[PDB]
């Protein structure tokens, strides 16, 4: 019989996603500020290179109220597919993180951090059943780690701590 309570599993799964989202956000801002000229920042803002996004194909909830309509198993399933589409892609971001001065980026094996989160999500389901290319992929990485972090904070808030927030 499983010996870790469901609420701890949802908490731990959200903490891992939040860490990956901080790492994705801060290395995305340091990169943009160090290397992308202002000219190119506004351009990409108005036309994102979502072709670079590995996850383009996975249908996700568009607003917080479409997110609230989704069941916990549905939100877990969507989070798993978004982590699974990054498992091979993230190797390309290795040089970004190796060059980053953001605490913990350079000595993080980000492939492992994602494999750990994918196993975290599967375990929860079982209980309930150069520059501009690096920049576009860091944008998509940040966009996706932001969603996963939101889908796991919702499941966490609806699960054994039935009042968590953000």
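Residue numbers count along the first chain shown, from 1.
Per the record, residue 66 and residue 67 are directly connected, as no deposited residue between them is missing from the model. Just going by the entry, 154-162 versus 141-149 on mean CA temperature factor gives the higher value to 154-162.
According to the PDB record, 56-64 carries the higher mean C-alpha B-factor of the two stretches 100-108 and 56-64. Taking only the listed residues 26, 33, 119, 129, the entry reports the highest CA temperature factor at 129.
In the PDB entry, residue 37 places in the middle third of its chain by CA B-factor.
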